[PDB]
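The opening position of the sequence shown corresponds to residue 1 in my numbering, with each subsequent residue numbered one higher.
In this text, a Cβ means the ideal position worked out from N, Cα and C, and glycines have one as well.
Worksheet: one structure, shown below.
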Amino acid sequence: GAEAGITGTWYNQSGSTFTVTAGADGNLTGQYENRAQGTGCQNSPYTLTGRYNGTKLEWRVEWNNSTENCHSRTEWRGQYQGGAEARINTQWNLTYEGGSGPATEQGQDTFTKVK
Ligand SMILES: O=C(O)CCCC[C@@H]1SC[C@@H]2NC(=O)N[C@@H]21
Ligand SMILES: [Zn+2]
Ligand SMILES: [Zn+2]
Ligand SMILES: [Zn+2]
């Protein structure tokens, strides 16, 4: 089914990569390696969990593992682009402990699939 188009390795404009397995059941499971300069929790793999349906994808990475804890998480909501160079256009929300309660940052990531 469609899951074939998603499963593999992707990268964004910041050099972050993720490896995902997309299940025919809609499940998204993988590992994310963050390389956005200046941000915490770079390099080491963090678990990705998400879902997809039609052209729409969403996934979550909680930025705590055995090597670094950034007291934050990011949720991406995206849409798939088809062939030649497959693409996922996303908007993300990063929720973190701000000092007087949770805070959120927003941004956009474009992922391109590794050939
Ligand atoms: O600094 C943190 O709290 C954890 C690292 C967050 C990295 C962000 S998530 C959205 C954006 N896209 C990336 O690949 N890295 C940054
Ligand atoms: Zn299938
Ligand atoms: Zn499954
Ligand atoms: Zn915390």
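Same chain, Cβ closer than 8 Å to residue i, five either side skipped, listed in chain order
| i | result |
| --- | --- |
| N53 | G26 |
| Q31 | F18, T19, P45, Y46, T47 and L48 |
Reference residue i; option with closest CA among the options
| i | options | result |
| --- | --- | --- |
| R87 | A24, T95 and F111 | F111 |
| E75 | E85, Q108 and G98 | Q108 |
| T21 | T7, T55 and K115 | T7 |
| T39 | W63, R51 and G50 | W63 |
| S66 | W10, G5, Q42 and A4 | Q42 |
| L28 | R51, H71 and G82 | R51 |
Same chain, Cβ closer than 6 Å to residue i, five either side skipped, listed in chain order
| i | result |
| --- | --- |
| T104 | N93 and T95 |
| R77 | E58 and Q91 |
| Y80 | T55 and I88 |
Extent of the continuous beta strand (DSSP E) run through residue i
| i | result |
| --- | --- |
| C70 | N69 to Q81 |
| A22 | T17 to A22 |
| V61 | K56 to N64 |
| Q42 | Looking at the DSSP string, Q42 is not in any beta strand (DSSP E), and its letter there is neither H nor E. |
| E33 | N27 to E33 |
| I88 | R87 to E97 |
| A103 | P102 to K113 |
| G8 | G8 to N12 |
Residue i beta carbon near ligand 2 (any heavy atom closer than 7 Å)
| i | result |
| --- | --- |
| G83 | no |
| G1 | yes |
beta-carbon residue i near ligand 1 non-hydrogen atom, thresh 7 Å
| i | result |
| --- | --- |
| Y96 | yes |
| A36 | yes |
| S44 | no |
| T39 | yes |
| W10 | no |
Test: residue i CB closer than 8 Å to a CB of chain B
| i | result |
| --- | --- |
| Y11 | Within the model displayed, chain B is absent; a lone protein chain is all it includes. |
beta-carbon residue i near ligand 3 non-hydrogen atom, thresh 7 Å
| i | result |
| --- | --- |
| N53 | no |
| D109 | no |
| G23 | yes |
Residues near residue i by beta carbon distance below 7 Å, same chain, minus five either side
| i | result |
| --- | --- |
| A36 | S14 and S16 |
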